Number of protein chains: 4
Amino acid sequence: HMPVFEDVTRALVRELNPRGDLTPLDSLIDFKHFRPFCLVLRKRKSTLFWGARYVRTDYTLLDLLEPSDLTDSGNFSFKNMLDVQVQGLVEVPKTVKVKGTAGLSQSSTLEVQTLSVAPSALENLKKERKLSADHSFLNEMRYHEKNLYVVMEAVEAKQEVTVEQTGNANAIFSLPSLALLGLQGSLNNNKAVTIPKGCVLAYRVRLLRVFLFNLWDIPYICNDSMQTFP
Amino acid sequence: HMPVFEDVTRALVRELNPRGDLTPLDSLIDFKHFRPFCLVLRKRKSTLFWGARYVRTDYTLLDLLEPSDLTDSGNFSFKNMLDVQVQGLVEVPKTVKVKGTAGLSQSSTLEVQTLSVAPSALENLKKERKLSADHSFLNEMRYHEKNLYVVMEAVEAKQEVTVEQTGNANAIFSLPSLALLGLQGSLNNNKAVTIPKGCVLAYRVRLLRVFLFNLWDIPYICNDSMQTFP
Amino acid sequence: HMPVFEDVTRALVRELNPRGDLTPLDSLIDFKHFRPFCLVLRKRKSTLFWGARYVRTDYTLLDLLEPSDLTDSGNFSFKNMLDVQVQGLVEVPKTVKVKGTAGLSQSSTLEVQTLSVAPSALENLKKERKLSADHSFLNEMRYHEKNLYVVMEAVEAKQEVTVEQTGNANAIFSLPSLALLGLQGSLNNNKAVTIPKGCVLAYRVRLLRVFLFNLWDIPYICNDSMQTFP
Amino acid sequence: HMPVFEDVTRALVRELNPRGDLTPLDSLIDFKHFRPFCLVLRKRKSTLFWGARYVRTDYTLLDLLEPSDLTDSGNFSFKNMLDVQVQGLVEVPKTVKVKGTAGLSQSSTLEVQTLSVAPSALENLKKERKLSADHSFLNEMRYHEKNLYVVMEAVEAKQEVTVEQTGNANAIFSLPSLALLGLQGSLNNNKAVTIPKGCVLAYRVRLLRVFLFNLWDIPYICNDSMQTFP
């Protein structure tokens, strides 16, 4: 449970845009829902020591209305590889000796490409378009006060890639408390994913503040107290 | 009893969409019933330490009504392989010495492809179509308060694959309680499955809330208290 | 008496659909009666630690009435092989030393294919068709309250295969209770079956609840108390 | 977390314009927003021991108005490379022995090119052009008193380059406080980025002081007390 895709997205984030917005993508499949314009749920938001996250939602903004100008191609070539080994001991007085040696090789030379909805295109959308009010999905959203958020920019693989991630572990117990249980668990896993083209790797988020009656906006000030359905 | 197909589905899940929805497929044969639109029974639902599961049911939603737009092809190539060995001892005072050494190699370089019923297609279905009320199957379902669920998205093998899974075990007892029973059980199994194309590997679930008289929906809020037949 | 065909069916079951329905086939010959639509007798039904079983019956449902749409081909390739060796000792005070070493190699790389009567086809059958009442067979069945069951889906060998299963045993006694009976029984058997095409391997069951006068059904709720002839 | 792009920008800055203006670029992607004419937010401004920083903002000055004369090509070829190794010990009285050995190789032979908005072109812009007052973005900016700043000159890669940065670490603990925890964490990462053409590396900033009603300027005196929206 040091999964592949999440670790890759986290690594490329810390390489690419530390300090903030870009949140990696936890579920690999749902990229087609983490496209731009799309919606997301708070889902254990950030800390100073954690990384905020969100989840899928099967309705985007165009569908939930009653302007396709995706504008950027900032491209990059991230080649990460590492081999982390760890070895810990514990020698307590019952002769209880624990000793765990793990290791983990990761390898990925992938491409990245960026997208963004034009602020002009958006502002014009919110300007002319208008929100519905009988839409069942959002009807329940306002019912239950989700404070859902929205993704502005994505981070995609401009071409199909693969990731490799292998691990090993070897942990022994030696405890003459229960008949000298001398045990040695172990494993040596490998993993090889073929990240398909278009799979968003890291995405950005942006609040969706819908006014009473009944239009909406997506301000820059996403203050902690901000809320979608007042 | 470390079966092959279930372990594969579990591994690909933790590789692909941890944290939630995707539940592996326990029975291999019933994929043709775990297709999208299909129904499922609670069957020892989730915990914080377990993985929710469900079962077959021989009637889908189209049949149980009185719109085929399966929309996604997010594809992936999962190559897992590992060799876990375990060795435990027990040396208690009757000279009772137990010692078990097991091992397990698993290997699978398979393909995966994803499906999803379009929310638009669905909403339009639930809109125009309407539920029957004399259907015998559902008649008993409402009789007995099953709280059945529904599968939205599937996870299929875009082409035929095979899985290999072998194991070994060697467990000795040495107990001078019954005439020094010194025993050594052992085994070395192998297994090779040919996963046929189209066999759903992991699937997703979604509640089916049918209102009194007599239409229905499948909300996003699948709250614990939610129920199919009120 | 670790027969071949039953062990194979049991192994493929635990590989294919654990946890429930699929019951292996004990008698090899009677597959032509364990076809779909067919009937079966309770015959030491399940436990939490056993595997339910049934038996032949020389009349199916079509014959016992006054719609051939067998619909599935979910196919599989099960390759099992193992070599289990066991060795036990007993050294009790009369110098009675028992010591048994057995072993067992099994090998089978077979194909499997699945069948199922369409729920629609069935429901229409039960709808239009109707049960007889002078049929002698069922006359005795209602006489004697058999609570017979019915098979919906089968599991067949899409082509002819063979199974190999050999065993060995070597058990010695050394008891100076009767003139120092020092004995050593032993054996080394082999077995090779040629499973013919179409031989159902595992089958599924389904109750047959016939109402008073005089039609019938086969509900999903097969509750323990359920009964064929009230 | 000794990221690549930031370290490169910092190194080239200290090589190129120490002592002041040029602030490196923290996020790699947002160069298309750190182009000239663009806006930025204070975001933990400078110290005597730190390096001021800023962030993206999705609206430039041309858009926020109701003159393209980018004038410079001062070009350079920075080839940096180094291998810093560090090794520290701690030997305190509980037998607690900590010992950490890290290392870091960085390599980059890149090109640099400079840009600047002509002071004449600017002065004429601010002269004829005039600020809007209903623009939503800036409406919130004046609401919340951001004291946003503006970028005059950029520092770009006149052609596509790559950067390489690898690291290693090996830190051991030896503490007979908890059962003689003798541990050894370690790692050996590598990283290879393909900096695309046009990616601003270091940029310069410049305040934006908008007068009451309702025009603006960007003075040379950027005094600490200066403020965008009085």
Fill in: Efficiency of FRET between A:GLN184 and C:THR109 - r from beta-carbon atoms, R0 45 angstrom, step 0.05
0.85
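Would you calculate a helix-derived [θ] at 222 nm for the protein assembly as shown, using -39,500 (n - 2.57) for each DSSP H run of n ≥ 4 and dividing by the full residue count, to the nearest 500?
-4500 deg cm²/dmol
Between D:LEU65 and A:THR162, take the C-beta separation as r, use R0 = 45 Å, and let me know the FRET efficiency to the nearest 0.05.
Working from the Cβ atoms, E equals 0.40.
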Worksheet item: How large is log10 I(q)/I(0) at q = 0.13, 0.23 Å⁻¹ when the Debye formula is applied to the Cα atoms of region C:2-82, each weighted equally and without solvent?
Response: -0.51, -1.33
Discussion item. What value in Å³ per residue do you get for the convex hull of the alpha-carbon atoms in the protein assembly as shown?
Written reply: 217
Worksheet, complete the sentence: From the Cα centre of region D:158-207 to that of region B:92-129, the distance in Å is 36
Worksheet entry | Simple spin-label estimate for C:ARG44 and B:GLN87 in nanometres, 7 Å along Cα-Cβ | 4.1
Discussion item. List, shortest first and in nm to one decimal, how far the label point of C:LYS99 (7 Å from Cα along Cα→Cβ) is from its counterparts in the other copies.
Written reply: 1.8, 3.6, 5.3
Fill in: Only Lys, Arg (+1) and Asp, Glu (-1) charged, at Cβ; chain B dipole about Cα centre in debye
600
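Over all distinct Cα pairs, what is the inverse of the mean 1/r for region B:98-161, reported as the Kirkwood hydrodynamic radius in Å?
16.9
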Discussion item. Can you tell me, using C-alpha contacts under 8 Å and at least 6 residues apart, the relative contact order of region C:124-230 as a whole percent?
Written reply: 34
Worksheet, complete the sentence: For region B:98-179, averaging the sequence separation of alpha carbon pairs under 8 Å that lie six or more residues apart and dividing by its residue count, the contact order in percent is 67
Worksheet item: Just how many pairs of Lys in chain C have C-alpha atoms closer than 27 Å, counting pairs that are eight or more places apart or on different chains?
Response: 24
Fill in: Charged-residue dipole, Cβ positions (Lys, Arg, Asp, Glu), region D:105-170 about Cα centre, Debye nearest 20
360
Practice prompt. Report the GluC sites (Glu not before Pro) located in region A:143-193 that are in a DSSP loop and have at most 16 other Cβ atoms inside 10 Å of their Cβ, or state none.
Written response: A:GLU145, A:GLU160
Practice prompt. Compute the relative contact order of region C:23-64 as a whole-number percentage, counting only Cα pairs closer than 8 Å that sit 6 or more residues apart in sequence.
Written response: 40
Response to the item:
homo-copy label distances at B:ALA121 (7 angstrom along Cα-Cβ), nm, one dp, ascending, are 2.6, 2.6, 5.2
Discussion item. With unit charges on the beta carbons (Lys and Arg positive, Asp and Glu negative) and the dipole taken about the Cα centre of region D:50-91, which residue among D:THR60, D:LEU82, D:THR71 sits farthest to the positive side?
Written reply: D:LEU82
Fill in: Nearest-20 debye value, the protein assembly as shown charge dipole, Cβ charges on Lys, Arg, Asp, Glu
2420
Worksheet item: How far apart are the B:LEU70 label points across copies, placing each 7 Å from Cα toward Cβ, in nm, shortest first?
Response: 2.5, 2.5, 4.9
Practice prompt. Please identify every one of the chymotrypsin sites (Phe, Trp or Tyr not before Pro) in region C:177-230 that sits in a loop by DSSP and has no more than 13 other beta carbons within 10 Å of its own beta carbon.
Written response: C:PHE211, C:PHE213
Worksheet item: Please report, for the Cα atoms of chain A, the Rg to one decimal and the Dmax as a whole number; what are they, in angstrom?
Response: 22.9, 77
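Heads up, the Cβs are rebuilt from the backbone with ideal geometry, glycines too, and the neighbour counts pull from every protein chain shown. Each reported figure results from applying straightforward, stated rules to the coordinates on display, with no laboratory input.
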